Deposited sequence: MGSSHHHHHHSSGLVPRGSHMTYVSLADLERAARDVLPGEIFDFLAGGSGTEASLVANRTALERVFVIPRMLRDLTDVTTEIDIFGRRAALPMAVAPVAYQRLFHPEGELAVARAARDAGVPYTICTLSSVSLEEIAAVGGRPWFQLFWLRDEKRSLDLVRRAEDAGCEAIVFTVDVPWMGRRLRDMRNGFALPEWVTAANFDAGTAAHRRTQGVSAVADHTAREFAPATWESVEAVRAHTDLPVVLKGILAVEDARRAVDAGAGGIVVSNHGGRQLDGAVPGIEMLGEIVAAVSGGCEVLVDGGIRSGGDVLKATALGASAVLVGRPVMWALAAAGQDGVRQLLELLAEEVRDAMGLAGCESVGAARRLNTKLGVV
């Protein structure tokens, strides 16, 4: 595999159509799904030359841990849909690559099993109709050694997935929510979580500048600027189009991550240059899992690592901090 695009072809071959569609699809007309890609394609980097590259490092410190790349595996529900080892395969590969892995509320293997893999994982929370259930998940995650709570705030309910409707998609009997519905979360829910844990709380799905500011005021340790991979509001702006404005508004008050459409080390560089602390990567990790299990995810992460190093050095950046100081131009 020489690009992330090689793996999508491989995953389409192996997966049942309705499962590939559950993975690939977005809401509505898939306008936001396509825009996530279009938005990255319009960004060009202005590289610097003639800088010292004797010790190029792609490492970052985030939420109290060193990570090997400015990247984490996005929360993707029900990974046993894609490979029988599901979340364990992905978590093992992430651990070995030094990349944080986000354990999902809707994981198909229990959060404690995935945490036991090691690698200092994060935990993604959905707010549930029974509040105590959500707060119990938080405490479970913390007890199991998760290092951040990624509170997904853009799912008061699931978006309208027309592929899933047309396919009549449902989970196979062999895939379940192993940690066991959606309730709208509010700012009150955020405070309840913040009071229940000393872990950093990261709000995922922020697109409005004022919501980013309020996240900082609320004590969030980070935000993920995200339209949920085009799966929630169809017509929601891409995160990458809001990122610079949001970075400016928070002015270092929390970590600002982005996701949606990251498909190369060059895309990571673009996100960094627009001010991201790190990115999340979703669909490509699942392509790799479907194509070749743990080894597939390993190969994907090694490829991404090489592409990030390559892009950084070609752009004159010996560190991720330097990459954040790069300028960009829209084309």
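By the record, the deposited chain contains unmodelled runs at 1-22, 203-224, 376-377, with no C-alpha atoms placed there.
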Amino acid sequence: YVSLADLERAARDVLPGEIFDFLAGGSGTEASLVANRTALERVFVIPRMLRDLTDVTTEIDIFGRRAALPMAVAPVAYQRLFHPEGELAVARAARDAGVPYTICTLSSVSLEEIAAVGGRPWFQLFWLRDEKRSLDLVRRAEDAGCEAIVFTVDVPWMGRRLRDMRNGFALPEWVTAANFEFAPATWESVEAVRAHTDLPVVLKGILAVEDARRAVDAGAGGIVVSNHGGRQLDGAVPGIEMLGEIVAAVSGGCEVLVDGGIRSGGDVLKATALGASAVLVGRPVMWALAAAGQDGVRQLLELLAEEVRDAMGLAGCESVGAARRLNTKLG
From here on, numbers count along this sequence of modelled residues.
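Definition used throughout: the rigid core is the maximal C-alpha set that superposes within 1.5 Å between two forms.
Superposing the other copies on the rigid core and comparing 128-136 to 171-179, farther C-alpha placement in 7 other deposited structures of this protein marks 128-136. Stretch comparison, 71-79 versus 182-190: after rigid core superposition, larger RMS CA deviation in 7 other deposited structures of this protein is found for 182-190. Set 23-31 against 270-278 and average the Cα temperature factors; 23-31 ends up higher. Per-stretch averaging of Cα B factors for 191-199 and 116-124 places 191-199 on top. In this structure the maximum Cα B-factor among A183, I240, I246, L111 is found at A183. Listed residues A77, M165, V224, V90 were ranked by CA B-factor as deposited; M165 comes out on top. Ranked by C-alpha B-factor against the other modelled residues of its chain, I46 falls in the lowest third. The deposited CA B-factor of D211 belongs to the lowest third of values across its chain. Residue-level temperature factors show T38 in the middle third of its chain, judged at the C-alpha atom. In the deposited entry, the Cα temperature factor of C317 places it in the middle third of its chain's modelled residues. Compared with the other modelled residues of the chain, the Cα B-factor recorded for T102 ranks in the lowest third.
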